[PDB]
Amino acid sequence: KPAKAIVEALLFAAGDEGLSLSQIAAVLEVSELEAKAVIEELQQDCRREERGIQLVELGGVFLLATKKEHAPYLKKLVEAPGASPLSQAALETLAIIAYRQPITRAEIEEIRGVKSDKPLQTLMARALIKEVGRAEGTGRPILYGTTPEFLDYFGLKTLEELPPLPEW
């Protein structure tokens, strides 16, 4: 089936957000009824043991997700000291701060498109980030920024010495 392959590609690219039956059917240019057959066949294929992801339905929303049986291996991935998908969430966040400080968790997660609640929490612990103030208003929203212990860690002397971003 080429329809099944397209649906897998769609749902894969959509990631954690997913897609509605309306969108999938509109993309395939077929009825929602026709599309749903395809989704079911794909969802059935991802129930074989050789597949590490499953197709779930959750609010008229379809998405691919990792199976829960594989949750401990996701633990091993992040625990075993290295370049986990966590470390990269730190860098991603830190990078947005440095080039856009003073900044607040509202403004950051707008850019990242995800709860950066945890990256920030570890960005304080390793001492690379801190408060710089608040926006004196709606919620008194904490304004984050780079420490001088961050300038050191990266071998920088000033903030001026950051590679300029012409496309931003």
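In this text, residue numbers run from 1 along the sequence as written.
The PDB entry reports B-factors from which the mean C-alpha value can be compared for 156 to 164 and 13 to 21; the larger average falls on 156 to 164.
Just going by the entry, 46 to 54 versus 139 to 147 on mean CA temperature factor gives the higher value to 139 to 147.
Among 38, 103, 26, 63, the highest C-alpha B-factor recorded in the PDB entry belongs to 103. Ranked by Cα temperature factor within the chain, residue 125 sits in the highest third according to the deposited record. Ranked by Cα temperature factor within the chain, residue 114 sits in the middle third according to the deposited record.
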